[PDB]
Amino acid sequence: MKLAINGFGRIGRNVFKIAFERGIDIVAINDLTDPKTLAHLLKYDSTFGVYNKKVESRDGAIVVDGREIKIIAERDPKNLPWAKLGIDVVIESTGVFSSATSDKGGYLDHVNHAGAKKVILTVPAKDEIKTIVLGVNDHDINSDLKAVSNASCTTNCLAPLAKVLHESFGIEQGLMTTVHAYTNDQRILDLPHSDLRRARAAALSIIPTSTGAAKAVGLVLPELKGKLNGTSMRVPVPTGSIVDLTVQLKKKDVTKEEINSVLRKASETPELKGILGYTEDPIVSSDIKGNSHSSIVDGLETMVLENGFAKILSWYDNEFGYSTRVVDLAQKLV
């Protein structure tokens, strides 16, 4: 498989490392800067530490353990040399091309003009697109796909959890909060942003912001369309997040132990192993940094009242779990 990455940022760089480790042929990276900057950011990661490979930069390329990866600095995805380079899958991780096509550009440009076979959009699309969450609607992948969204980090945490709860107990409806690490969409100090909350100094506050992630479960689990909604609180941690899901279940005599038992068992099945995890250790968000699961249920936190009213907490490394899924998905598309 020949991979290209468009947007060598937090997701782009984690995807790179995970894919490189698997022996995938990463042919080219496109961003808006020079090879020296990209090589330096790849080598030294504030969140995850020092990359253990030999990293160099050259004219038009970075070199990783002797493997040379082409660097492009092309703002307009229509202009990318993907056919020339024989690109099988483009990872679209710039954050700025979440419509199919546009005046400034769109994710379908990678396939329709630039000549790549396939594109994975690393964010929910603003329009209609095949959306996959691994462990949830894997079956929806076929060989003829040209464009797929891997949804959001939060949907990837929430959808597997909701799938198991719905299949076991039935969800009538649910509301959620993600208490969520800050990201590069936010601001270091107060500065203009179209979202007036995200305008605010990110390491100084708990910052409410809207999320479509709970509604988006309906795209991958149609039975739950219209049944889930929620909100997000951006807090001052650099990575690591937690979904806090409050559900009304159809099983009106459901207990804490029954909920934890089905979640534990589900995490051990071949369909969800490595995707849904379960723990009973009293951990904190730092403990999940670099964890490849989409969703790790904190069993100690499960809380149940009468009549199927329940709260489930599930951890995820919003960068690393999600990036592993993007690579998992790339390999399945081929």
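Numbering starts at 1 and follows the sequence shown.
- Legend: mean Cα B-factor per stretch from the PDB entry, 151 to 159 versus 96 to 104; the higher mean is in 96 to 104.
- The PDB entry records a higher mean C-alpha B factor for 19 to 27 than for its counterpart among 19 to 27 and 318 to 326.
- The residue among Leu245, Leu191, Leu80, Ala203 whose C-alpha atom has the highest B-factor in the PDB entry is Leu80.
- Across the options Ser285, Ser46, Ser294, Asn52, the residue with the most elevated CA B-factor in the record is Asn52.
- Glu306: CA B factor in the middle third of modelled residues in this chain (values from the PDB entry).
- Per the deposited record, the Cα B-factor of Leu249 falls in the middle third when ranked against the other modelled residues of its chain.
- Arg264: CA B factor in the middle third of modelled residues in this chain (values from the PDB entry).
- In the PDB entry, a CA B factor belonging to the middle third of its chain's modelled residues is recorded for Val64.
- Ranked against the other modelled residues of its chain, the C-alpha B-factor of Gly277 as given in the entry falls in the lowest third.
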